[PDB]
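A short worksheet on the structure shown next.
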Amino acid sequence: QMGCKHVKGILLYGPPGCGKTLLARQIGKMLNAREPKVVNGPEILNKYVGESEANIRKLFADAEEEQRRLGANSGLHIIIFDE
Amino acid sequence: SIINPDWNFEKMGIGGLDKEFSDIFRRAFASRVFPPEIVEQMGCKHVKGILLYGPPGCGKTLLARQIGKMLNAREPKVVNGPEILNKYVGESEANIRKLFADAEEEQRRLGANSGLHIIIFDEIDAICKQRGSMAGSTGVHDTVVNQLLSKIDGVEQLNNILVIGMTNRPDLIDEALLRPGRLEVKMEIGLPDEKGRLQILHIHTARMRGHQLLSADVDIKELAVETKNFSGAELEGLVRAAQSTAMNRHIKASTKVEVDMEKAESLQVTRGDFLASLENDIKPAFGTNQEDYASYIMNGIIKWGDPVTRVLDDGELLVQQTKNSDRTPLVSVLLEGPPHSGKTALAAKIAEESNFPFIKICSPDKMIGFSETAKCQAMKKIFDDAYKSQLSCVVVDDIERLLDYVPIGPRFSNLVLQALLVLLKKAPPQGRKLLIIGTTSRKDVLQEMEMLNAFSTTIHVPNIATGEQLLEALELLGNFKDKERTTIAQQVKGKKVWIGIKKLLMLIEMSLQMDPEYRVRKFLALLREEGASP
Amino acid sequence: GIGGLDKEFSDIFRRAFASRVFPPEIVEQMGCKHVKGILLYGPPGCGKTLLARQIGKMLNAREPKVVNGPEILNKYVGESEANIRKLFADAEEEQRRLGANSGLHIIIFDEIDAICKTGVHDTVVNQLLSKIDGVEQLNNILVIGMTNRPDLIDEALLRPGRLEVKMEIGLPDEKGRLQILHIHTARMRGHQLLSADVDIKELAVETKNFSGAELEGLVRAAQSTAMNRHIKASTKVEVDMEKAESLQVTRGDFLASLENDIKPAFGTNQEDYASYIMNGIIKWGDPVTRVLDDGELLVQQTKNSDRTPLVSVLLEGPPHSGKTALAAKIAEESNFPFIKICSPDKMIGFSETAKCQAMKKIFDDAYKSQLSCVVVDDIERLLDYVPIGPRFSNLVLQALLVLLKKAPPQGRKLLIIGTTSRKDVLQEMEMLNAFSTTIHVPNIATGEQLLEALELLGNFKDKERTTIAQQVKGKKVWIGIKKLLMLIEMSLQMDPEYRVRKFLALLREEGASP
Amino acid sequence: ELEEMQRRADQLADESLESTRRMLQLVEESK
Amino acid sequence: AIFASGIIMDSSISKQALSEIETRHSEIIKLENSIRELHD
Ligand SMILES: Nc1ncnc2c1ncn2[C@@H]1O[C@H](COP(=O)(O)OP(=O)(O)OP(=O)(O)O)[C@@H](O)[C@H]1O
Ligand SMILES: Nc1ncnc2c1ncn2[C@@H]1O[C@H](COP(=O)(O)OP(=O)(O)OP(=O)(O)O)[C@@H](O)[C@H]1O
Ligand SMILES: Nc1ncnc2c1ncn2[C@@H]1O[C@H](COP(=O)(O)OP(=O)(O)OP(=O)(O)O)[C@@H](O)[C@H]1O
Ligand SMILES: Nc1ncnc2c1ncn2[C@@H]1O[C@H](COP(=O)(O)OP(=O)(O)OP(=O)(O)O)[C@@H](O)[C@H]1O
């Protein structure tokens, strides 16, 4: 009825040694959803032209497919960007 | 016709883009209004270029998709970023040709009655780059640009394609292409106003009013006035944050996630939540106009004698003179007085009392450790910024500290002095006005350099001289009892006093640290020690 | 066909056709060289193509070769050089068949900078250079190219004997541009879609830095505005549908459409001088007449002089006496082909080197004319000066002293005017000797002059003027014109009754004597 | 996709070589 | 430290090495059948 949209972005920052990667892990484990994806730094870069973009696009394929298939009543997919 | 019957201004929910939308419609669909007979009689070509650019959070994508929806024809084709580039050689040109092949074939088959097709480009700057300005690695970029240029307008010409592109860095686009016939119309999108803010807020609050989810204490006009320099995205985020804050008031956490299931229909949003969200959650991103006055005015202003009123009246008179005059578009004055007299506070108050659209303050506090050339560039940039608006007031405080002046030698900087002298008599462009107010504490030094003559006039800012002023200030502060006040008076009436307001405040606050039995004597001793002055 | 290049046309004729008329035998025996290198650069348009065709047509040669941009380039390698050898195969065959007197081959390039300026670029450049000039001799090669970045060409093409002709393209004129507008609008004129009240003559006259693209764009904007006149949009997509039978476009709509849609691209320059004169000049006394007469005498001496091609004058006076305005007025009245003004405002924060470079550039630009006048104002602010020390920049002073005694090329004149408010400082620096003479600009001395100036301004009525004269006539006054206007404006703020008292008090406070 | 097509082309080339060898052997026997 | 890394564009797949390779082999079937019949 309110016609509101959910937030889809969180950023954490601070000096070294306080608990960012613990908070992220706990948040990922808390939700009763599919296992989250993880990216370790610039692990998506590649040598052959036009492969980094394909790697980035492959991340969101499942979410788009679920949205298309089950419409609004769909699950939640978590993506964790490290560094 | 080519326009869907459902078109309507409200249905798209756009904000303060009335003029831009009207211009777009006029210059991109007018030729499509009259029947074929008249347009053929004119025998004129059609528009084949549209490019929308502006800062983030403006609504380019929303406008583009609304325009696409409004058009009644085949589903417009969409390119989602730079996905055209592929590794096997020759695939970028294949895809770009495959993009227009359907339109080419349809127009060829249908002759001169072909339908209208439009393609939506997202992140245009990614694919097209200046051919001359580029590395010599491989040319998967130059070939794509050349193929696109040939396709849009080559040997064969087409009149059923319109290119629409959204970008954020217009200078990165290639200049050789943005010419008539390919990209002729180019518009600039800025920031909405209070009217647009009100309209946008109403658009986003429609559902709650429809279901009466907002309490009567909500005032759209007051909210719009409060938020300044915001954007549509910021307004939507603020509304969402306020809704979330209001909704959170029926959740118990840290033990078990539970909700009433019965009080959920008693939810409402108040104003206090709106201010809380505005002050704690949202913060403006596009520049700012928060000329912090609490920092400069940390204790307000208290009327302790005529001089404050006289200074305020003189400032008001000067402001009126500059506002309602044309023979002297540039007018400036100088504020000077003994140390610790509150010159900067009075200057800031005088500047704030004016309702000029653009008010800025330049102080050395920001330039700490800067080189001997950065200061000139900063002042030039500030004065250039202040030139744009019709009316503007600039306050230069602590002049003596802006030249590095020191009484040994003496030493100072010539370049900054020359820059300030030149910038203090350059008249603004035609049909504009400007005001400059300066502060300082050494009239003789400025006189020696022959810079005081440039200023039109000066205003004196004296300090407490008589005891009766001290008693009035103490009464205004209300930091003593009747007996203590009488005791202090019985001594101060003996002779005269000379102490600035800031020094007086510091002395009283230092004296307030002793026990009640000794506060008065310590205060008197401190005043006597510091009162050694004419 | 082409104007403004008659002498340049003769020069090109001598450069090109001088070595071609002679029979090949005598030239070969003597050993003379040939001219086969031409390059072009200028504003985009038909002028380049017109010049190329005019040059090509006169020669009794076959059809020239024209390439539109990087046509040779392809997706793969080897295509760029495939056409180069095919084009010159016929030239080589003709050279080997007819010998020395072989049919001329002409090559024309469009936007060659795209291919000549990463193996593709250098390979193409090397192939083109080898084909144009190499071990094999080609006596029938003519090359013409048009680019907007001539200075970016490779060093190899700059070798002597490869690029011997330097030329610049012309600019649109009033009659030619009028013809272009006529050809464009012939369609509407035949269809009677243009109102008879529109004049194209003054419209073309006022155009500055407008090319064909700009013309077609503003024409299209005018057509769109005419289409909109009948339309009733901004409320719906429905219109009258009846007024279309009668339609015409007034010149006002043309101006409105073309003045807020497009603007010139290739820069925009103007000689705006009103910025230095905000309130004109009012004759408040005799000295201004004497100053103007002296300026006119100096101008006529410079114009008619033969032994002294360079003459300089110095303007002197107290501060706030109106020196820059008088110099600007004199310069404007001089009516010389080239006039420029150098002020410190344009250079804020610039170091000594930048100021010296700017002064040198401005003087070099002024030199190239036949006769011009240059005015420098606020000399002290030009070479930063401070009474403490004292301190100043020596480089700028030396540059000024050198430039104040340098004659221009023989057969040209020049005039220099300087304004300043410190005679003693300049005299101590040993600069006042260079200037030929000096002029003075006094302030308001007698109260009668002040009353006359006030009457000319017309800001006070007779009743107040009588009292002011009675109070001030019995005393001497010393006030500057700019300060006088500032004081008058300040006093005008208050009510009509208290103006006199405040004005008199302010004048008394500002009063001073020499 | 493309790799499968290249593998099929290589297999076709191998089959062509085998056919040529069989042709040569058959003609030799026929002699 | 003037230096720069590089990006690659493969070509080991040619879309024109599938036309001739397939057309070339399509004609030997008749010859093989004819020679088999001749030998039989
Ligand atoms: N609030 C906390 N409570 C308990 N452990 C904590 C807390 N903050 C940090 N830690 C400790 O942090 C360790 C993991 O490192 P952590 O994820 O905090 O580093 P980080 O913030 O990712 O550092 P970096 O800036 O290098 O990424 C764990 O062993 C955990 O004990
Ligand atoms: N004038 C406006 N009227 C209505 N909504 C607006 C307006 N300006 C911004 N918005 C809001 O902006 C949000 C996103 O708009 P959009 O996607 O066009 O952003 P954008 O300008 O494309 O961002 P970016 O430039 O970073 O790509 C929408 O939810 C919309 O409500
Ligand atoms: N009537 C008043 N006029 C000026 N300042 C006042 C007045 N009443 C109270 N104050 C206090 O005086 C304080 C003086 O502020 P501040 O230190 O900026 O003074 P300043 O004279 O501009 O500085 P300084 O002389 O130390 O260079 C202000 O913070 C304000 O709180
Ligand atoms: N007869 C006059 N002679 C000079 N100035 C006049 C005269 N009549 C009116 N004026 C006004 O005097 C103004 C003085 O202009 P300007 O500020 O350039 O003076 P200046 O004396 O050369 O400058 P400065 O005081 O900085 O040395 C001009 O704007 C002009 O409007």
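Since chain B takes its numbers from Swiss-Prot, the residues it shows come out as 207-740.
Quick check of the header: electron microscopy, 3.8 Å.
Placement of Cβ uses the backbone N, Cα and C atoms for every residue, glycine included.
Summarising the annotation, Swiss-Prot assigns ATP binding site to B:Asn505, B:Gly506, B:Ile507, B:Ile508, B:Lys509, B:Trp510, B:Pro545, B:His546, B:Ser547, B:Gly548, B:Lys549, B:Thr550, B:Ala551, B:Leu552. Residues or ranges marked as Mg(2+) binding site by Swiss-Prot: B:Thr550. What Swiss-Prot lists as phosphoserine is B:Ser207, B:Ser569, and the listing cites similarity to another entry. Feature annotation from Swiss-Prot assigns phosphotyrosine to B:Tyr259; the stated evidence is similarity to another entry.
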Near B:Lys549 (ATP binding site), how many other Cβ atoms are within 10 Å of its Cβ? 22
How long is the line from the C-alpha of B:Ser569 (phosphoserine) to the C-alpha of B:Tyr259 (phosphotyrosine), rounded to the nearest angstrom? 35
In sequence order, which residues at least six apart in the same chain have a CB under 8 Å from the CB of B:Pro545 (ATP binding site)? B:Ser647, B:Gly706
Taking only the Cα atoms, work out how far B:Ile507 (ATP binding site) lies from B:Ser207 (phosphoserine), in Å, as a whole number. 68
Which one is closest to B:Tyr259 (phosphotyrosine) in space, judged by CA to CA distance, out of the binding-site residues B:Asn505, B:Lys509, B:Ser547, B:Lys549, B:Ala551? B:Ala551
The rounded CA-CA distance in Å from B:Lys549 (ATP binding site) to B:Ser207 (phosphoserine) is 69
In three-state DSSP terms, the structure that B:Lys549 (ATP binding site) belongs to: helix
Filter the candidate list B:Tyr259, B:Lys509, B:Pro545, B:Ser547, B:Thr550 of recorded positions, keeping only entries whose CB is under 6 Å from an atom of ligand 3. B:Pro545, B:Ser547, B:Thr550
Taking the Cα atoms as reference points, how far is B:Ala551 (ATP binding site) from B:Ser207 (phosphoserine) in Å? 66
Largest inter-residue Cα distance among B:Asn505, B:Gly506, B:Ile507, B:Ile508, B:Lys509, B:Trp510, B:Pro545, B:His546, B:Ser547, B:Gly548, B:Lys549, B:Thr550, B:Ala551, B:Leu552 [record-listed ATP binders, Å]: 19
Local Cβ density at B:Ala551 (ATP binding site) - other Cβ atoms counted within 10 Å: 19
Between B:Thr550 (Mg(2+) binding site) and B:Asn505 (ATP binding site), how many Å separate their Cα atoms? 13
Sparsest Cβ environment (other Cβ within 10 Å) among binding-site residues B:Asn505, B:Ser547, B:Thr550 belongs to B:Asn505
By a 10 A CB contact count over all chains shown, which of the modified residues listed here is most packed: B:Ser207, B:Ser569? B:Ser569
Would you find the one among the recorded positions B:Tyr259, B:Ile507, B:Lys509 whose Cβ has the most company, meaning other Cβ atoms within 10 Å? B:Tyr259
One should report the C-alpha separation between B:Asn505 (ATP binding site) and B:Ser207 (phosphoserine), rounded to whole angstrom, as 68
